[PDB]
Amino acid sequence: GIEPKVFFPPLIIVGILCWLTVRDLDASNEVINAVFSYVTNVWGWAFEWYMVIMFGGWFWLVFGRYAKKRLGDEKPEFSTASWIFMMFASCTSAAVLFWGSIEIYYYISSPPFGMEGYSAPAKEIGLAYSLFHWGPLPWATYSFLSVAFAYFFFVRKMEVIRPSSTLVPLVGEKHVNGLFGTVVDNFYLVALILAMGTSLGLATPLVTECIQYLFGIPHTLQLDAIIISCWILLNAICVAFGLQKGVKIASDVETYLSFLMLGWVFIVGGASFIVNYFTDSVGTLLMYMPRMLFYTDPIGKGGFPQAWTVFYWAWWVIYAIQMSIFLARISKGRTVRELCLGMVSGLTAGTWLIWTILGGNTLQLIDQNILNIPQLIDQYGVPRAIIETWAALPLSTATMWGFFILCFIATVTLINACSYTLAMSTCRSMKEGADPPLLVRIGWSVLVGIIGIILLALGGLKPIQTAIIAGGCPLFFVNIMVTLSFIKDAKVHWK
Amino acid sequence: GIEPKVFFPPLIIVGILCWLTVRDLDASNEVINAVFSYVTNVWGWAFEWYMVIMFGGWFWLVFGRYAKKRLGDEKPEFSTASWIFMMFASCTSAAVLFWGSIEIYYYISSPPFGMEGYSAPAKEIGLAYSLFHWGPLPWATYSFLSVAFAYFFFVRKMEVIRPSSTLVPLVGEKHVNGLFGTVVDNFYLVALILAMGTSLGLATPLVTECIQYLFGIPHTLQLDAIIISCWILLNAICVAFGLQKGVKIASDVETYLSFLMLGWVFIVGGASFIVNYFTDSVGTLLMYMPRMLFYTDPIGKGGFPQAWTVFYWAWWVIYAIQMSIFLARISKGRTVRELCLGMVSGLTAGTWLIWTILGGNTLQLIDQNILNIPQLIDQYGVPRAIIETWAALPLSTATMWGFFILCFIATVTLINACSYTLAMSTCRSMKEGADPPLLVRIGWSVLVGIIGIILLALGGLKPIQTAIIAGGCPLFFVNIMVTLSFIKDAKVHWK
Amino acid sequence: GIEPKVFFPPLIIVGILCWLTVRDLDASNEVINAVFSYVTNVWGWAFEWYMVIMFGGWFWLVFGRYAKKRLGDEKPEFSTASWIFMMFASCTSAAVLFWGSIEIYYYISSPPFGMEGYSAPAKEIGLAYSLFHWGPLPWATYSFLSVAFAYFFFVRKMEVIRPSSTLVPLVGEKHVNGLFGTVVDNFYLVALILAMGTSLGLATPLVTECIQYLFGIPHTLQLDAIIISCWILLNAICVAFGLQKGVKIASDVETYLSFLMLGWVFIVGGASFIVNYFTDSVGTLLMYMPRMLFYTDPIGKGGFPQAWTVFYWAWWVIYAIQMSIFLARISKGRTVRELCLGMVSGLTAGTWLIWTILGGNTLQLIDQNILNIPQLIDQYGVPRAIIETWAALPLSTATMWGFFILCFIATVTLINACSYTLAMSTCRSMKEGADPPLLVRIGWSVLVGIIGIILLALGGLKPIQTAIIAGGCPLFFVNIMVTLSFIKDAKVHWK
Ligand SMILES: C[N+](C)(C)CCCC(=O)O
Ligand SMILES: C[N+](C)(C)CCCC(=O)O
Ligand SMILES: C[N+](C)(C)CCCC(=O)O
């Protein structure tokens, strides 16, 4: 049974946002590029203090009165080996192969700190910035929530699907099940939908360029509309006929494949450089870290932090509860100090590995003038430029297959987990473990695709960026509210 | 009853120092600018190691065997809210509005690290340096003494007026009440007198420029002599007729006003920039902090640390016992870890707030070419240039009133507290709580004014700088001696 | 009685390595300069991660479950005053006067970070780099082994001469006394021999230039062959006739002399600058430290870290067990936290003192154009250039004596301790405290001299550098293996 309380509002709005946008894709990019410019240039610092304060809680968790506190109070389900590996595995997606490949070009073209284009000082700081946006520092700002939920799930033995179920000890039962609790759940879902809808906007064009390389078929917006539909079908069949087995295997193979391609690119993409460059960019990270963390550039108005630093932070703000729930669900029976520790390590190892192998590889192709990225981007768009970095490797076809398969099924498990995440939080609380209403699952998977297409239809990265930054604005609060509950609540039932 | 032991010596010397100086104000500035150049350029590092070693004791206090040690051993007098606020309030003065306004111009004109004048790299480091000289780092070097006195006052239940009363457990009763104990008290008072006499040299010209703006009356040395005298009268009346009520209210209003003007300048002086710039200058601070802390420039001989970094340190060395006593008197019944913590935080919040609002505002006026600071300074002097930064705000007259009143009464409470601090430490130990000999109180307030006038008479900042750096030389030692007592003494009666 | 197990192999190889090298000193420098270029440019990072991971164990020792653990479990033999001083004294040698003098010139000529030659930014970072290569950071990476041995010697009460006697709890008794345990001991000795043979290559030319200055006799390779032989004789007489008394006195005088010459150069070599420069280079160190620690320069290919940073690390990797044994033997009855603490402090104070006095002095001579280092080096070689820095001081002859004597006997105690270190580890385990077989002691002292001569014969620093880097490759492992034993073993008999 559905919950009209949280079902109808987002479906209306997300329907409306499509309506106005799809009606005139010219005026949209005149406001898409106007909404983005506003938020980042005046509220960019808000995200950054958020990321430096949640960073404080990390040290407070590890070194506070809750450090040796054990959540759940029993033996863990997983061995540390499997447990760590499950985090290590969760770092594979479509958007990562996308960012892991091209992010270094944008750091090297128009660098931060007023450095010159393609300068050596810019190639120094190039990788080091990826290690910052995707390192132990944003992962640390997830620990407060992953501990929060693992606390609620296991210490307080409750069960939350929607975040409002956590705000009980700050606004009381009156507000929670009232209007206040629905305003946040309507927001959280809408912002979630955009965020997950953008993951498709990044995913499909990667998958289609692989297709264009292996099969020769022309990359068109009409083709992007196909694969998305085929993904809906693939998932619609998978849910209806149970098939929860096969999806898990595919998700397994995606992980084990991800290691092969990384190992591949690392092996033949100059292993000597990558190790050196990494080493050189770890020390460059640690030195400039407080500068990157508090960057706004108000005196030169370069636009770097606003472009990358705050937009990433908005991408991190969003998937907080989304991912912190996951980390909580698996960190059963552990103590909060060893959660935050094994988490940050195991995660960072996954993300650092990708950006250095893929990014350090991309740099070499720019360095050795093998490839002209600015030309490819102006002509065919971003995902083409990325695909050609993969193509500039020995055994291109086997490689492009290796990514094609990867970048494909990585989105299949993305859509399957998405429809689930929504339908559970969209319907009414049935018995836990049960599968969401088969039909409502489908509907969301289609509702996303429309957005994904539109985001592809508008063209460029700006719609993606603006969609997530927008969604990151309310979830800015929602995230703190969930933490403020734990902090308040744990002050009572833990000591 | 007076104490000729400590009364006569300083009165003689300070009388003499006026005599020689006021007799030929040309040769004075030939030695004023010669004494300054010597001390900073060869003993500048001495101050800095002092500030880095006392900084070490902070961490030793917080993380040492004295951390959870409680001084006084009872419930505190104040709630943390009031207690913190009392520190927050103590950051208002006349010299701060002076430095908070113009300090950034000197960092931006001739910057450190060999940077070019008015360069973007210089506007980056501009504010960040103020956050360093007036941040949690110099405040941390007060904690060792504030804990020392709060220890002596409350653990050892004694009562010190003069610092020599603390040196009992390192030189014994023979030296303390002998010649050694008087040499330091004669020094401590003389250096105190100069230091408090310089606070007037910074105060009056601010007050007079406000007068020149609102009333039109010409700023003259003859006018500076008036207000000072009127301040003596205002305080002479206030002490004689009790009036300890009204002074406390005025001191209250000064605080509550200080917030209004800051809030004002912050509201209409571009709140967007100030927040950004602050954020950008916090990260710039943390990154270059060990460089600023150990700066001497021996290879380029630029003269930056000597000019600002060591002169500020000398200003910090002086008011140590002066301020650490204050912090001790109020931190009653607290533990040394929570003193050092709430202190550094509450204080820094007060000082950081000022320098960023006032300094970040001043920069904008330079940036947008609204104002020409170097011209104003060459023509009318510093305090005029500062006044015009305030005048370049919407509702200038209401603003200039808001500062006029502020910058006025801030010096009234400064003179009232001064005469008290001296007369108590100048006379004999009466019953605690009693008011110092009514007449001797007046005499000191006049003895200061003569210096203040002379320091105004000599013109320029150099006499101020040289007067405090000179006073900071002996108090360099005196401060350590008081700490070495606590360290030695606490090793005995605490464990 | 000798141990043919570990006697014959190194004697064969080291004999062979002389054979091939001494047969054609032209082709040798074509491979000497080829082996060096390979290892550093591709395995340089291996050394650096080693130095950053062992650096991690330091903090793990101080803050881990072994922190308050006491090794030996009794009162220490030495008072802390003597104990610290014994570390302070151990920092005197011939190679240090060599590196302490000329190292700053190489940092100032062709600086790191792509800085320009003789730039002010290069004179800033000049000293700060010495404080890094010879500071608390490489000393911290010795603590894990010094605690390891002090653990084995005193907790496990065993006695190790050869490192293989420590690998008992990871490869079992089968491997230890088998082939595996001999492969490492053959390696450890060979690499030791080269490392100690290089200390002579640095020592003699210093001693001979002093001779050329005081006595006028021409510096020739034939003369270098003399002094070395005379050193063998001096030690051959010293061992045969007991004389363990006189050697200890000479070693005492060398220490007490070392302070005189440092104090001398510090007194008349501009004490004002040295204090300033030091202060300025401590803050420069702390700021760039993570950059220096993780430097590889893969994007500019300057060659700085490979030249200095990895070659020093290889010099540190080697003397680990050599020096960690020493520190262990004296740190009897102490707790591991107070070992690591007093060690790092007492040591660094010794090394920092030298490089700043000698290096900060050398810089001034370059700065004030008193001396032309590049000309002297091209013409007479390095040790001449160093000698002239000493000669550019007031009372040159008394100074050059002061170094001559120092730089002489410093090598006498170096050869005496060397033959002992080898012969003990070369022969069979007699009763501890006994003197090694009188004859085999001599033989090694000669075997070294041949290398030293050859290393002088090949000319330049490259043979020295290549000899130690080569020896540092296997001992890279050996060092970890000894630590992995302690870590494993202490997990059992300590908790
Ligand atoms: C977790 N996040 C969103 C910060 C990056 C990982 C991407 C993914 O695994 O979906
Ligand atoms: C405390 N101090 C002297 C470092 C700055 C505050 C100025 C004042 O409150 O009088
Ligand atoms: C200990 N080490 C080899 C790193 C430097 C000291 C030189 C010496 O004392 O022989």
# chains A, B, ... in the order shown; residues from 1 in each chain; ligands from 1
>>> residues_around(residues="residue C:138", least_positions_apart="2", cutoff="10 Å", atoms="only C-alpha atoms", output="MDAnalysis selection string")
chainID C and resid 51:52 54:55 132:136 140:143 312:313 316:317 344 348
>>> select_by_dssp(residues="stretch 202-367 of chain A", states="alpha helix (DSSP H)", output="PyMOL selection string")
chain A and resi 202-214+221-240+244-268+271-293+304+310-330+336-367
>>> residues_around(residues="residue C:439", least_positions_apart="4", cutoff="10 Å", atoms="only C-alpha atoms", output="PyMOL selection string")
chain C and resi 236+239-240+423+443-444
>>> interface_residues(of="chain C", to="chain A", cutoff="7 Å", atoms="only C-alpha atoms", output="count of residues only")
13
>>> closest_atom_pairs(of="chain A", to="ligand 1", cutoff="8 Å", atoms="only C-alpha atoms and all ligand atoms", output="Markdown table")
| residue | atom | partner | partner_atom_place_in_ligand_line | distance |
| --- | --- | --- | --- | --- |
| A:90 | CA | ligand 1 | 9 (O) | 5.1 |
| A:91 | CA | ligand 1 | 9 (O) | 4.1 |
| A:92 | CA | ligand 1 | 9 (O) | 5.3 |
| A:93 | CA | ligand 1 | 10 (O) | 5.2 |
| A:94 | CA | ligand 1 | 10 (O) | 7.8 |
| A:95 | CA | ligand 1 | 7 (C) | 6.9 |
| A:96 | CA | ligand 1 | 7 (C) | 6.2 |
| A:134 | CA | ligand 1 | 4 (C) | 7.3 |
| A:138 | CA | ligand 1 | 4 (C) | 7.7 |
| A:139 | CA | ligand 1 | 4 (C) | 7.5 |
| A:315 | CA | ligand 1 | 3 (C) | 6.8 |
| A:316 | CA | ligand 1 | 4 (C) | 5.3 |
| A:319 | CA | ligand 1 | 3 (C) | 5.6 |
| A:320 | CA | ligand 1 | 1 (C) | 7.9 |
| A:323 | CA | ligand 1 | 1 (C) | 6.4 |
| A:351 | CA | ligand 1 | 6 (C) | 7.7 |
| A:414 | CA | ligand 1 | 10 (O) | 7.9 |
>>> residues_around(residues="stretch 61-63 of chain B", least_positions_apart="6", cutoff="12 Å", atoms="only C-alpha atoms", output="MDAnalysis selection string")
chainID B and resid 54:55 69:70 140:148 335:342 344 486:487 490
>>> write_last_selection(atoms="N, CA and C atoms", output="mmCIF file, in the first residue's frame")
data_model
loop_
_atom_site.group_PDB
_atom_site.id
_atom_site.type_symbol
_atom_site.label_atom_id
_atom_site.label_comp_id
_atom_site.auth_asym_id
_atom_site.auth_seq_id
_atom_site.Cartn_x
_atom_site.Cartn_y
_atom_site.Cartn_z
ATOM 1 N N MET B 54 55.475 29.106 25.593
ATOM 2 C CA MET B 54 54.256 29.307 26.378
ATOM 3 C C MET B 54 53.078 28.642 25.673
ATOM 4 N N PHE B 55 53.167 28.572 24.346
ATOM 5 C CA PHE B 55 52.181 27.877 23.528
ATOM 6 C C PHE B 55 52.249 26.381 23.798
ATOM 7 N N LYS B 69 42.681 18.842 37.101
ATOM 8 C CA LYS B 69 42.861 19.493 38.395
ATOM 9 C C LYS B 69 41.963 20.723 38.507
ATOM 10 N N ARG B 70 41.264 20.842 39.633
ATOM 11 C CA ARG B 70 40.317 21.934 39.854
ATOM 12 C C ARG B 70 40.892 22.975 40.809
ATOM 13 N N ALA B 140 46.620 31.641 23.821
ATOM 14 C CA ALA B 140 47.076 30.399 24.436
ATOM 15 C C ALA B 140 48.279 30.627 25.348
ATOM 16 N N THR B 141 49.047 31.675 25.060
ATOM 17 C CA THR B 141 50.250 31.979 25.827
ATOM 18 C C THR B 141 49.937 32.834 27.054
ATOM 19 N N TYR B 142 48.651 32.972 27.359
ATOM 20 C CA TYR B 142 48.207 33.676 28.555
ATOM 21 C C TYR B 142 47.677 32.673 29.566
ATOM 22 N N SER B 143 47.300 31.502 29.066
ATOM 23 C CA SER B 143 46.662 30.472 29.877
ATOM 24 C C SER B 143 47.549 29.971 31.012
ATOM 25 N N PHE B 144 48.851 29.889 30.758
ATOM 26 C CA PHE B 144 49.792 29.397 31.757
ATOM 27 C C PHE B 144 49.825 30.317 32.976
ATOM 28 N N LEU B 145 49.655 31.615 32.743
ATOM 29 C CA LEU B 145 49.652 32.587 33.832
ATOM 30 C C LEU B 145 48.268 32.742 34.461
ATOM 31 N N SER B 146 47.228 32.685 33.635
ATOM 32 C CA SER B 146 45.861 32.785 34.137
ATOM 33 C C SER B 146 45.538 31.589 35.024
ATOM 34 N N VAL B 147 46.139 30.445 34.709
ATOM 35 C CA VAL B 147 46.022 29.262 35.551
ATOM 36 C C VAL B 147 46.936 29.404 36.764
ATOM 37 N N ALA B 148 48.114 29.986 36.548
ATOM 38 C CA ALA B 148 49.056 30.248 37.632
ATOM 39 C C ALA B 148 48.412 31.077 38.740
ATOM 40 N N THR B 335 38.141 23.900 36.336
ATOM 41 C CA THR B 335 39.316 23.054 36.153
ATOM 42 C C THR B 335 40.180 23.615 35.024
ATOM 43 N N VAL B 336 41.495 23.437 35.135
ATOM 44 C CA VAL B 336 42.435 24.116 34.243
ATOM 45 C C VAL B 336 42.270 23.772 32.760
ATOM 46 N N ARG B 337 41.703 22.609 32.457
ATOM 47 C CA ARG B 337 41.477 22.246 31.062
ATOM 48 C C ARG B 337 40.309 23.036 30.478
ATOM 49 N N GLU B 338 39.285 23.267 31.293
ATOM 50 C CA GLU B 338 38.103 23.984 30.830
ATOM 51 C C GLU B 338 38.297 25.496 30.906
ATOM 52 N N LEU B 339 39.305 25.930 31.656
ATOM 53 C CA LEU B 339 39.711 27.327 31.622
ATOM 54 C C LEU B 339 40.334 27.590 30.259
ATOM 55 N N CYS B 340 41.485 26.966 30.008
ATOM 56 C CA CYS B 340 42.219 27.116 28.750
ATOM 57 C C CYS B 340 41.353 26.952 27.501
ATOM 58 N N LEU B 341 40.310 26.135 27.604
ATOM 59 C CA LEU B 341 39.433 25.859 26.470
ATOM 60 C C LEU B 341 38.413 26.971 26.225
ATOM 61 N N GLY B 342 37.591 27.257 27.232
ATOM 62 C CA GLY B 342 36.588 28.304 27.124
ATOM 63 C C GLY B 342 37.214 29.676 26.955
ATOM 64 N N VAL B 344 40.364 30.479 25.426
ATOM 65 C CA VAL B 344 40.869 30.638 24.066
ATOM 66 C C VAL B 344 39.739 30.824 23.053
ATOM 67 N N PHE B 486 54.801 28.705 39.671
ATOM 68 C CA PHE B 486 53.663 27.794 39.589
ATOM 69 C C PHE B 486 54.096 26.366 39.285
ATOM 70 N N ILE B 487 54.866 26.201 38.212
ATOM 71 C CA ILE B 487 55.389 24.897 37.814
ATOM 72 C C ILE B 487 56.095 24.207 38.977
ATOM 73 N N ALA B 490 53.371 23.906 42.075
ATOM 74 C CA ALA B 490 52.297 22.946 41.839
ATOM 75 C C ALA B 490 52.806 21.508 41.888
#
>>> closest_residue(among="C:268, C:220, C:311, C:10", to="ligand 3", atoms="only C-alpha atoms and all ligand atoms")
C:311
>>> residues_around(residues="residue B:355", least_positions_apart="4", cutoff="7 Å", atoms="only C-alpha atoms", output="PDB file with N, CA and C atoms, in the first residue's frame")
ATOM      1  N   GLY B 100      42.287  47.284  14.529  1.00  0.00           N
ATOM      2  CA  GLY B 100      41.344  46.522  13.729  1.00  0.00           C
ATOM      3  C   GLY B 100      41.027  47.179  12.397  1.00  0.00           C
ATOM      4  N   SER B 130      46.244  38.958  10.691  1.00  0.00           N
ATOM      5  CA  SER B 130      45.544  39.533  11.837  1.00  0.00           C
ATOM      6  C   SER B 130      44.957  38.426  12.697  1.00  0.00           C
ATOM      7  N   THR B 351      38.118  38.747  19.406  1.00  0.00           N
ATOM      8  CA  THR B 351      39.163  39.429  18.650  1.00  0.00           C
ATOM      9  C   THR B 351      39.070  39.172  17.147  1.00  0.00           C
ATOM     10  N   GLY B 359      38.731  45.224   9.496  1.00  0.00           N
ATOM     11  CA  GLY B 359      39.807  45.099   8.529  1.00  0.00           C
ATOM     12  C   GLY B 359      39.314  44.717   7.148  1.00  0.00           C
TER      13      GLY B 359
END
>>> residues_around(residues="residue C:258", least_positions_apart="5", cutoff="9 Å", atoms="only C-alpha atoms", output="list in words")
residues 89, 92, 253, 263, 402, 403 and 406 of chain C
>>> atom_distance(atom1="atom CA of residue A:245", atom2="atom CA of residue A:409")
14.7 Å
>>> atom_distance(atom1="atom CA of residue A:476", atom2="atom CA of residue A:318")
7.7 Å
>>> residues_around(residues="stretch 447-449 of chain C", least_positions_apart="6", cutoff="9 Å", atoms="only C-alpha atoms", output="number ranges by chain")
C: 11, 14-15, 193-194, 196-198, 200-201, 225, 228-229, 232, 415
>>> atom_distance(atom1="atom CA of residue A:212", atom2="atom CA of residue A:250")
23.5 Å
>>> closest_residue(among="B:44, B:437, B:350, B:374", to="ligand 2", atoms="only C-alpha atoms and all ligand atoms")
B:350
